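Can you read through this structure? Questions will come right after.
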Amino acid sequence: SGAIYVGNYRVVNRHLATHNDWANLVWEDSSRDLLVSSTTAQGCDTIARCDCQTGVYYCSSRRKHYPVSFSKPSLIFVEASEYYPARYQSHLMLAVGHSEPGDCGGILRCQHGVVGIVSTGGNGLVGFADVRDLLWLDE
Ligand SMILES: NC(=O)[C@H]1CCCN(C(=O)Cc2ncc3ccc(Br)cn23)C1
Ligand SMILES: [Zn+2]
């Protein structure tokens, strides 16, 4: 679990969005596993606007942060789950690092700010949904 709080927005994994997120929907994209909802309070986070390919993510299943090298956002095949049919997830970045079911929502950050959130993984890999291209989050 986990979310990004920037301005009057809350960014969460679309498959983990609550009834309240859907009632305050701003934008959602099943192909990216992202959903953005509006908030009444001002958020605590800053979004990176860069092309960094190294950073640090939070891994809830270890209660620890790990440094990673990740691939640029791209279209990657994701096998069927209880949440989605088998499909290509877009804007996804992969890294070698631990992750297990329950780790979605952990933040990935570089020196410029928030880069993305954990969205898939397995077998010693971790996949992150990028948010750096969502320029409208800053207004
Ligand atoms: N983005 C998606 O389609 C995910 C939706 C929830 C379901 N998806 C998964 O990957 C579930 C899953 N099985 C093994 C692992 C290991 C690490 C992580 Br993080 C998640 N994991 C796929
Ligand atoms: Zn950066």
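Numbers in chain A come straight from Swiss-Prot, and the residues shown are 869-1007, in order.
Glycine is treated like the rest: Cβ placed from N, Cα and C.
Pulled the feature table from Swiss-Prot, pasting it below:
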type: ACT_SITE; residues: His883; note: active site, for protease 2A activity
type: ACT_SITE; residues: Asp901; note: active site, for protease 2A activity
type: ACT_SITE; residues: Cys972; note: active site, for protease 2A activity
type: BINDING; residues: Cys918, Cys920, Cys978, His980; note: Zn(2+) 1 binding site
On a C-alpha basis, identify the one among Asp901, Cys918, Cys920 that is nearest to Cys972 (active site, for protease 2A activity); the candidates are the recorded positions.
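For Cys972 (active site, for protease 2A activity), the closest Cα among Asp901, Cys918, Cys920 is found at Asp901.
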I'd like to know which of the recorded positions listed (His883, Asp901, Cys920, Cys972, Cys978, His980) lie near ligand 1, counting only a CB under 6 Å away.
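Among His883, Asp901, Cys920, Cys972, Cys978, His980, near ligand 1: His883, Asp901, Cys972.
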So which of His883, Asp901, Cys918, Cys920, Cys978, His980, listed as recorded positions, have a Cβ under 6 Å from an atom of ligand 2?
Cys918, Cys920, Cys978, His980
Just checking the recorded positions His883, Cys918, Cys978: which sit within 10 A of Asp901 (active site, for protease 2A activity), CA to CA?
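Hits: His883.
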Residues other than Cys918, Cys920, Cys978, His980 within 8 Å, Cβ to Cβ centroid, of the Zn(2+) 1 site?
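Surrounding the site, in chain order, are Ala916, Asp919, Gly923, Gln979, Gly981, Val983, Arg1000.
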